[PDB]
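Residue numbers (the authors' numbering), protein chains in the order written: chain A, 2 to 309, 321 to 350, 353 to 410, 416 to 498, 524 to 941, 945 to 1064; chain B, 326 to 361, 367 to 410, 420 to 433, 443 to 587. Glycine is no exception: its CB is placed at the ideal position from the N, C-alpha and C atoms.
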Ligand SMILES: Cc1ccccc1[C@@H]1NC(=O)c2cc(NC3COC3)cc(NC(=O)c3csc4ccccc34)c21
Ligand SMILES: Cc1cc([C@@H](C)Nc2ccccc2C(=O)O)c2oc(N3CCC(C)(C)CC3)c(C)c(=O)c2c1
Ligand SMILES: Cc1nc(NC(=O)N2CCC[C@H]2C(N)=O)sc1-c1csc(C(C)(C)C)n1
């Protein structure tokens, strides 16, 4: 089983500097050797065989090379330590002992399984023991997707492999927003190509002026032209030098691992477009194709060893109502301070298909029922996604209460219907669940067998029952004017808008015309009774012959409102065709969480994502971490573990890079665990003294130097600048970590890579927030609205563990006000923020710096309001030295939030920002600089309102994840108030202006208080 | 049939305080609402359905042909597969008194805290039980290795002991036996340690259930105290 902590021994976080290891020699002798904590196995084995000569039967000892060490890990597996570089502390031992054996069997397979097992967080041997045939089928079958993807990787042998590792980071469309085309000089951009002349790295410049829509090969041609121009060549020779050397080189972003491999226009690449809008000069490095391909390993894909007349009727035949016997339950923990009963119900996802029947109330101490339950539903009327939800409950009719629950799929993954006796282990009811049934909870039996086990018997028929194939469904399915005004009005309604019985029947009646409006499919599917084969079969034929829709609209058909596989398969088929790899990376947070809803392990969605992950390493990288971060959860453990196994077995050589990341995080988790536990009541000095001493140790320096940042694996983390590393003030004990950038030309980009490792707080909320903020910025930018947001990187790697990208040269408003500028000591007042900004942007820099603030502030001001993250204070708002505003630490706000107040929200920092937007000016309440700022917010607020459906669907998909602020749709409904979707388009803007005016005037009056944020007013 | 009487007529309250007013109910429990106008809430098929009533021409009706001209005489027709409505949800059910229910909210908090303290020691025990289960499996795999070591000792040492015997070097066999005893003594220490952990496992698994018992005893009270901290509207700030 996955080990609980990241300690070195079971129970002990850190080995003492000297450990007594009981070594089991291969002659049968046990000798106790005092090993150093950081000693490698090579040194331990060497000093062992020297001490072993003192003990009997030492003449039998062969050469040290002919033996390997074996021990038991904290996972309780027998790990054969083939890699003898690994240190004693990094072995994850249960108890300190080592066994000297001679290797048996296949060395390669042994290594790969431990590499995969370490990447997942659980050994592969556990999957081999799972007898569940669905699990073993998924494991065997899913390798088809792995081989398909590997064949595409090795299709264009050298180049396609480089595209896999270094996919072109580009925007979805080459079209340039109106304000971005204006920034470049009449259709062309200035670009600098660099060349490394010798191994003793020095550089040569080649400043070019190129059309923005040039392809990387054309950019190289212009660099060659500039060099060959200065040399004695004829027009034909200059022409030939370009032709014959265009395709021998390759471009790369100076200071990170981002390559221009594909023939996209240069402006479509994100680095260049970012350079264009910011006004920075792109610096690209000239590289040889023969140099990049030399670093590509050429990894192989080898199949593992787990890839090795019955009477049957159809379901469209059997005539009877659903009947289920509740045999007996093993035990129920009750106090005899209260009789108990079993409540059941047949559900189609969230919606129940029929009435919920109960069992007879039986004594508290005797748990037996043995009664055929008769549900109010017809068996052939069942859909494909029909499933049983039941639970054991108790009564004080006076006071009902559930104890243990459990859901089952009424149909197997084979399309077989349940038949006969079945034992089901139940799950415990979550902390915040008062419902008698838990219908949307995870489907299946509890792996933990030491829980209440309720047994039941299903109706056995003559033969084996199976759901009919689609061809049989088409047979049963076989059997105007102008009402187009309503269909096009409810199609543009947000998904959280109510659909009345008038409109549901009106949609079902006019469904054959709805094909002409394909975006109304989500509304139409809700307007169907899923307990009627008549209607279900007619929808099935419509779905298959349904026009493809936008991928943003198709993503809605994968949340908890559409459990039908034909509905999901359509959405996956839409994604397979139309969704770009860019938008895939954008919406990966939702797409991974959506996997949880799918009934079975093997399905169309996992096969789509896994192939794309095995085809694009930037997708696969975050696909890995998003899955691994949910391995702590038992409810998802099995599926995500099996899916991670599929990726790790096929991803290739990046598996080793991921292991280096895992090992690096494991070190950080354990180090923080010590600071949070054990060394809890120690001062900052002592813990920093411990940090410096412990980080300096060779096991830590080796583990956390020379690996790729999980926040962005294009950024390489070199050596630690330990002088900068420190523990942050927060009681959760975060780790500030600084790294040298080992890129050959880090000078021209990231000089320092700084990351915040925090162990304690849940970062899932920040991830989703920063994602939506990024999407909001994208929508504004494509509409020619320049509002510069800063969605800094954030990635959760486990249960309340993750990383945070550090923004350089940024300070909180609180930090800004601490300086003073030699105006006393700490004394400040509103104007100081502006004075600080002017004192650090002088000259003509000032004018552009003020512009950056207003644009960035307007974006966040609008965004925060729509989302409810507006009531922020000096500590949670940051300003860069150039003058870019951005809010931080969104999870802290969500943790600190009945339903009757909020009618008035005073923003005290309105006054401080108005002085920044408009220089000085005693009466800055209304200026020309302010009138511009307001219009920017108006344009933005309405722009998000136009794309409101996207954000609603984005949150709706994030309901599978167990977030306390995202459980029901009532939580998401808040956006409808801020955006005012029911109100008129013009009225919504009039509403917005009122909300802002109230917050402004409220800020003037209120007295803030600096530390505790308590308003005296 | 009046504009407002307070029998099955609330305002245009949200869809959050509607589903929760007929959740786990029979084919009834209905109330009146408004829409983006009139709205009627229904329940049939085990589901929560919603119907709109167009009030144009100063008249009412569900189906296409307009068949009424008042609000409360539209219910009476369908009241007695358009299934009937059964029982309505009242507006009169549990002298300037918001202070006695201050004792039910004090109880709610005093039941939330005690339940949260129990849920804390439920998760803490649940984790520690799973920890001990794996630790036994590690001890078991450890013993299997140490027993496979004894076989390797008896296998290799035979030819050397069956040679020091034919030589009289007794205090050389003693060295071999002294080590084999150390190996066997360590196995007994591991087995004795694993047996003690099995005692701590089942003694905690019993205490684990006692926590679950008290939680299942307290849980019904918390769910019913949720209804008894109800608030009246339009009155600002209360403790
Ligand atoms: C769920 C949601 C979606 C969209 C908008 C609002 C909500 C929440 N529902 C509400 O009723 C509510 C109220 C406030 N604040 C009160 C106003 O006066 C104080 C804020 C929030 N925000 C979030 O919870 C939220 C924002 S981004 C993110 C990422 C992950 C988890 C949650 C969040 C919401
Ligand atoms: C200059 C400035 C002005 C405002 C508001 C008070 N003013 C306007 C804003 C837009 C258009 C017109 C006005 C106007 O009143 O003329 C800001 O509001 C917020 N919040 C978002 C809205 C909340 C109600 C949640 C308060 C927090 C933040 C974070 C700011 O940075 C901000 C900055
Ligand atoms: C993105 C981000 N960037 C930061 N940058 C800095 O802190 N600095 C820049 C150089 C000076 C130094 C300073 N101001 O002391 S903090 C942060 C951030 C975002 S959420 C967060 C919590 C750890 C508080 C949750 N932190």
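task = Would you check whether ligand 3 has a heavy atom nearer than 6 Å to the C-beta of residue 294 of chain A?
result = Incorrect: residue 294 of chain A has no Cβ contact closer than 6 Å to ligand 3.
query = Cβ of residue 1046 of chain A within 6 Å of any heavy atom in ligand 2?
reply = Residue 1046 of chain A Cβ: within cutoff of ligand 2.
query = By Cβ distance below 6 Å, which residues in the same chain neighbour residue 900 of chain A in space, the five residues on each side in sequence not counted?
reply = The answer, listed in chain order, is 832, 928, 929.
request  = Could you tell me whether the Cβ of residue 490 of chain B comes closer than 7 Å to any Cβ of chain A?
outcome  = Yes, residue 490 of chain B counts as interfacial toward chain A.
message = Shorter than 6 Å, the distance from the beta carbon of residue 971 of chain A to the closest heavy atom of ligand 2, or not?
response = For ligand 2, not one heavy atom lies less than 6 Å from the Cβ of residue 971 of chain A.
task = Using a Cβ-Cβ cut-off of less than 8 Å, list which residues of the segment 1034-1061 of chain A approach chain B; keep chain order.
result = For the segment 1034-1061 of chain A, which is checked against every Cβ of chain B, not one residue is closer than 8 Å.
inquiry  = My output table needs one value for residue 475 of chain B: the three-state DSSP class, helix, strand or coil.
reply    = DSSP places residue 475 of chain B in helix when its eight states are reduced to three.
ask   = Based on the DSSP secondary-structure assignment, which residues constitute the bridge partners of residue 72 of chain A?
value = Answer is A:80.
Partner residues on chain B for residue 1019 of chain A, Cβ-Cβ distance less than 9 Å = Those within 9 Å of residue 1019 of chain A in chain B number zero; the least Cβ separation is about 12 Å.
key: Candidates A:215, A:259, A:194: closest to residue 228 of chain A by CA position   = Of the listed residues, the one whose Cα sits closest to residue 228 of chain A is A:194.
query = Mind checking whether the beta-carbon of residue 959 of chain A lies closer than 6 Å to any heavy atom of ligand 1?
reply = Checking every heavy atom of ligand 1 against the Cβ of residue 959 of chain A, none is found closer than 6 Å.
inquiry  = Please report the distance separating the alpha-carbon of residue 525 of chain B from that of residue 126 of chain A.
reply    = Our two residues, residue 525 of chain B and residue 126 of chain A, have alpha carbons roughly 37 Å apart in a direct line.
task = Take residue 331 of chain A as the anchor and find which of A:391, A:691, A:624 has the nearest alpha-carbon.
result = With distances taken between Cα atoms, residue 331 of chain A lies closest to A:391.
One or two residues paired with residue 467 of chain A in a DSSP bridge = Residue 467 of chain A is not bridged to any residue.
request  = Using alpha carbons as the reference points, say which of A:718, A:659, A:808 lies closest to residue 151 of chain A.
outcome  = It is A:659 whose Cα lies nearest to the Cα of residue 151 of chain A.
request  = Answer yes or no: do residue 326 of chain B and residue 399 of chain B have a C-beta to C-beta separation smaller than 7 Å?
outcome  = In this structure, residue 399 of chain B does not lie closer than 7 Å to residue 326 of chain B by Cβ.
message = Please return the same chain residues whose Cβ sits closer than 6 Å to the Cβ of residue 278 of chain A, not counting the five positions on each side in sequence.
response = Excluding positions up to five away in sequence, the list reads 181.
query = For residue 875 of chain A, which beta-bridge partners are listed by DSSP?
reply = DSSP, once it has assigned bridges, lists no residue as partnering residue 875 of chain A.
message = Considering Cα atoms alone, identify which of A:364, A:708, A:883 is closest to residue 399 of chain A.
response = For residue 399 of chain A, the closest alpha carbon among the candidates A:364, A:708, A:883 is that of A:364.
key: Cβ of residue 363 of chain A within 7 Å of any chain B Cβ   = Residue 363 of chain A is outside the set of residues whose beta carbon lies under 7 Å from a beta carbon in chain B.
ask   = With DSSP run on the structure shown, which of helix, strand or coil describes residue 369 of chain B?
value = Taken through DSSP and simplified to helix, strand or coil, residue 369 of chain B comes out as strand.
key: Exposure of residue 473 of chain A, with buried meaning 16 or more beta-carbon neighbours within 10 Å   = A residue is called buried once 16 or more other Cβ atoms fall within 10 Å of its Cβ, and residue 473 of chain A is buried on that count.
key: Segment contact flag, the segment 668-681 of chain A with the segment 831-846 of chain A, C-beta cutoff 8 Å, min 3 pairs   = Of all C-beta pairs linking the segment 668-681 of chain A to the segment 831-846 of chain A, three or more are shorter than 8 Å, placing the two stretches in contact.
message = Could you check whether the segment 633-643 of chain A touches the segment 1029-1047 of chain A, counting it as contact only if at least three pairs of C-beta atoms, one from each stretch, sit closer than 8 Å?
response = With a cut-off of 8 Å, the segment 1029-1047 of chain A and the segment 633-643 of chain A do not count as touching, because too few Cβ pairs lie within range.
request  = Identify each residue in the segment 537-554 of chain A for which the Cβ-Cβ distance to at least one residue of chain B is less than 7 Å, and report them in chain order.
outcome  = Of all residues in the segment 537-554 of chain A, 542, 544, 545, 546 have a Cβ within less than 7 Å of some Cβ in chain B.
task = Compare the beta carbon distance of residue 924 of chain A and residue 874 of chain A with 7 Å and say whether it is the shorter of the two.
result = Taking the C-beta atoms as reference points, residue 874 of chain A is found no nearer than 7 Å to residue 924 of chain A.
task = Just grab the DSSP bridge partners of residue 401 of chain A for me.
result = Bridge partners of residue 401 of chain A: A:361, A:428.
ask   = How about residue 388 of chain B: is its C-beta nearer than 7 Å to some C-beta of chain A?
value = Closer than 7 Å to the CB of residue 388 of chain B there is not a single CB belonging to chain A.
task = Answer yes or no: the CB of residue 952 of chain A versus the heavy atoms of ligand 2, is any distance below 6 Å?
result = When distances are taken from the beta-carbon of residue 952 of chain A to the heavy atoms of ligand 2, the shortest one is below 6 Å.
Burial state of residue 423 of chain B, where buried means 16 or more other Cβ atoms lie within 10 Å = Exposed, since its Cβ has fewer than 16 Cβ neighbours within 10 Å.
message = For the segment 744-751 of chain A against the segment 700-711 of chain A, do three or more pairs of beta-carbon atoms, one drawn from each stretch, fall closer than 8 Å, so that the two count as touching?
response = Using a C-beta cut-off of 8 Å, the segment 744-751 of chain A makes contact with the segment 700-711 of chain A, since at least three inter-stretch Cβ pairs fall below that distance.
message = Can you tell me whether residue 580 of chain B is buried or exposed? The criterion is at least 16 other CB atoms within 10 Å of its CB, across all chains shown.
response = Flag for residue 580 of chain B reads exposed.
query = Cβ-heavy atom distance between residue 897 of chain A and ligand 2 below 6 Å?
reply = Flag unset: Cβ of residue 897 of chain A not near ligand 2.
inquiry  = With a threshold of 7 Å between beta-carbons, can residue 566 of chain A be considered close to chain B, or not?
reply    = No, no contact with chain B.
query = Whose beta carbon lies closer than 6 Å to any heavy atom of ligand 1, going through the chain in order?
reply = With 6 Å as the limit between CB and the heavy atoms of ligand 1, the residues that fall short of it are A:809, A:812, A:813, A:911, A:912, A:913, A:938, A:941, A:949, A:1002, A:1010, A:1012, A:1013, A:1018, A:1019, A:1021, A:1022.
request  = Run the CB neighbour count on residue 121 of chain A, radius 10 Å, all protein chains shown included, and call it buried at 16 or more, exposed below.
outcome  = Around the beta carbon of residue 121 of chain A, 16 or more other beta carbons lie within 10 angstroms, which makes this residue buried.
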